[PDB]
Structures are given as C-alpha cells and as structure tokens.
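Below is one structure, written out as structure tokens; the observations come after it.
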Amino acid sequence: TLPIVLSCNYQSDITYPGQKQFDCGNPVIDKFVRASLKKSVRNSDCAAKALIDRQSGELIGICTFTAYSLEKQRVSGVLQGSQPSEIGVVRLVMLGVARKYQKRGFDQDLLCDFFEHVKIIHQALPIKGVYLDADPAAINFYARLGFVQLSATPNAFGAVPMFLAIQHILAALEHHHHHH
Amino acid sequence: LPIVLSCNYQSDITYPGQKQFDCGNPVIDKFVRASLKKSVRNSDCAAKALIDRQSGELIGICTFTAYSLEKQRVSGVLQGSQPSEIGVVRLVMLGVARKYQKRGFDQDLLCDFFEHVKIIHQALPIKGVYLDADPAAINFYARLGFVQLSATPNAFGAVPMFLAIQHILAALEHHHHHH
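Top line first, the protein sequences correspond to chains A and B. Everything in the first sequence is counted per the numbering used here, starting at 103 for the first residue and increasing by one. Everything in the second sequence is counted per the numbering used here, starting at 0 for the first residue and increasing by one.
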C-alpha cells in the first residue's frame, strides 16, 4: 500500500504541476509560489516543504519557514520559567493548500510534516518553539493544533502573532509515532 | 599533549574541573561553572566542546543559538536583495582553558562549529554567523573571514561581526580527497 501523497523538501530546480498557478485562496501566498518560490530558497531566504501527489505530481500544499528571534516580552505568559532576553524560534511564514485539495486534512498533514522537520532543526540548533502571523481565515486552524494567540492586533496585515512551544511539538510527534 | 574529543556538550555528563575552568575571560568562566549545564537542559543554547580524552576535563567551550538581525546591521556586507529580518546563527561564547591555550585549540573548535553550522544550514537555511567580538578576539575572528559591521561596541564593549554562509561553505569545501 504505497502512500498517496509525498512530503518533500522543495528543490529550487523543480517545477511541479500546478505550481505556476497554485490557487490556494490566499492571494499573497498564491503570487509567492508562482513567481518568487524558486529564488527565495535559492538565496536561502527560507526552506520549503511540499506536498506532492505521487500519481499526478501536482503541488497540493506548500510550507515555507525561516529562522527568527523574539524578545521575551512578546511571549511572556506562554514560555514559563526563567527565559533569556532573546528567544530563538522557527518562524512559519506561509502554509497554503491548493483549493481543489482543501477540506480534506492536507492542512494538518503539512503541519505534522513541518513539525517533524522542526524536530530535526531542534536537535542541531535549540529553539523555543514556532512563531507565526496567522491570517484571520487561519487563526482557528493553528489554534486547533496547539498555537496560542499572543495579541489581537494585526501587524502590517490582518495576521496576528501565534506561538507553540517546542515541548508541545515533541509530545505531539512521539504520540503519532508511538501509536503505529 | 592530550587526545582531544570533539563533543556536543550534554548536561547529564559531569566534567571534571568544570567548576574551576580558568580560561582568562571571567564572564565566560562563571557561565561555564554554574549556568551552562542548566542552559542546555532548558535548551537556551547549544554548546560544542572539546574534551581531554584521558581525563574527561573540558578543554574548550563554544555556545551558539538561533538568532535574527535586521537588514540594517548587515548592510554593505551581504550582497543583493535581502528580506526584512535576517536569519543567522549567533556565536555567544568561545573560551579555551588556560592550561590548554596557545596550542590552537580555539581554531579547532571554531572549525567544528562551522561544520555544525553547515549541518544546521542544510535543515534551516541561514545567512551566516553573527557574534559580538571582544576587542582581544577581534584580530582572531577577522583573520577567520569575519568582517566588522560597526565600530560601535555598545553591547558590552564588544563590536558586532558577521561572516556569510557562502564563505563558511567554501572554507569547509576547501579540504580535499584523493581517493
């Protein structure tokens, strides 16, 4: 029973079917994948996780992330205990699922594949968690999978800051892995 | 004189003499004595270490963390179009015990750190390595490719320095294989 979708680290020299258009419902994310995805990871501005259909090769979802650091003030109330003045985290800057695959759980399949990559990152370089700026159409999604909202004020766009500590990401990962 | 073991500092291992660890820099000393062991358990940083293999004694320390800078600070050094917030790996502390100094162990640790930075870069792309260089170590880091961003050492008397990932990967690739 071969898997139907595959998780891949996106290669800048590869163009999947649907990548040149990739209608996902977020116009900002849409224009990024169509025109700017190849050059961002070539510069190593970010890393990308892709969801490819094994049969057709179509780009089901994308997920880009960078390294980032936050002051302890923006997280106080979430990171408990004594914490340093600067908090190193992995920032999730984009995660979109193509519209013709939405409402099917591929939203979360990409997040768990991203969580597994965060675990890899954590073993080479310690981080406190994952930070993101959630569009209002996606606050409930990240909140439904552990992320706690830090403020109700959107910065530069409707996006709001959300955070998920590394302890909860690891506990979610080994759960999934201990089951089967 | 000793067989050196390239180590990732683990907080469960007890290191003989770690509670004394004279290295010249007193700020870096007292961090190794009390804070570093708790620092990596709480995962406030990672630390690469060299261990005297015949005695288990800590020879050198090298702490680093995930960090980020603004495009302002690496202007004129990083070429091309760069995003708003830059992602780097920050070298926090690097000290060698005085008993082992003058033998080039500090450059050996920095090479292990660069080898680890390459591994980090293959999982989380970074733009280079940032650090605030003490004036005593400025000639040491500048000799290794690092460049001095500003001449203002307002942090604690240390000036900020940076070295792009392009040059680390090239420097680590500069060692051959005749197989």
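Idealized CB from N, CA, C, for every residue including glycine.
Item, Value
"If contact means a Cβ-Cβ distance below 8 Å, which residues of the stretch 36-51 of chain B contact chain A?", "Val-39, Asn-41, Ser-42, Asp-43, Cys-44 and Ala-45"
"Is there contact here, the stretch 17-25 of chain B with the stretch 258-268 of chain A, by at least three beta-carbon pairs under 8 Å?", "no"
"I'd like the ranges of any alpha helix (DSSP H) spanning at least 4 consecutive residues and lying wholly in the stretch 118-206 of chain A.", "129-133 and 139-144"
"May I ask you to report which of helix, strand or coil DSSP gives A/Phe-259?", "coil"
"Please list the partners that A/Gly-190 has in chain B, where partner means a Cβ-to-Cβ separation under 7 Å.", "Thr-64, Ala-65 and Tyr-66"
"So, does the CB of B/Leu-168 fall closer than 8 Å to a CB anywhere in chain A?", "no"
"Going straight from the alpha carbon of B/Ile-118 to that of B/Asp-111, what length do you get?", "11 Å"
"Could you name the residues that DSSP lists as bridge partners for B/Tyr-129?", "B/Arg-89 and B/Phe-161"
"What residue from A/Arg-206, A/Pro-105 and A/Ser-253 has the CA that sits closest to A/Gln-175's CA?", "A/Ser-253"
"Within 8 Å, do at least three Cβ pairs link the stretch 191-199 of chain A to the stretch 229-237 of chain A?", "yes"
"Taking the alpha carbon of A/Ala-261 as the reference point, which residue from A/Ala-274, A/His-277, A/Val-250 and A/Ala-240 has its own alpha carbon closest?", "A/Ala-240"
"Since A/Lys-151 contacts A/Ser-109 with CB under 8 Å, what's their CB separation in whole angstroms?", "7 Å"
"Indicate whether at least one CB of chain B lies closer than 8 Å to the CB of A/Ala-226.", "yes"
"Could you tell me the distance, in whole angstroms, from the CA atom of A/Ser-171 to the CA atom of A/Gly-190?", "4 Å"
"Distance check for B/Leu-168 and B/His-177, CA to CA, integer angstroms please.", "20 Å"
"To the nearest whole angstrom, what separates the beta carbons of A/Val-143 and A/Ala-137, a pair I think is in contact under 8 Å?", "Their Cβ separation, rounded to whole angstroms, is 13 Å, which puts A/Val-143 and A/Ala-137 out of contact at 8 Å."
"Which residue or residues does DSSP assign as beta-bridge partners of A/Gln-251?", "A/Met-264"
"Specify the secondary structure class of B/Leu-4 as computed by DSSP and reduced to three states.", "strand"
"At a Cβ threshold of 8 Å, is A/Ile-222 touching chain B?", "yes"
"Measure the CB-CB distance between B/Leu-49 and B/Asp-107 and report whether it falls below 8 Å.", "yes"
"Under 7 Å between beta-carbons, which chain A residues line up against B/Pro-82? List them in chain order, please.", "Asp-147"
"Determine whether the beta carbon atoms of B/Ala-65 and A/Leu-181 lie at a separation below 8 Å.", "no"
"Please tell me whether A/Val-199 and A/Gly-248 are closer than 8 Å, where the distance is taken between their beta carbons.", "no"
"Just curious, the alpha helix (DSSP H) that A/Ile-223 is in, first and last residue?", "208-226"
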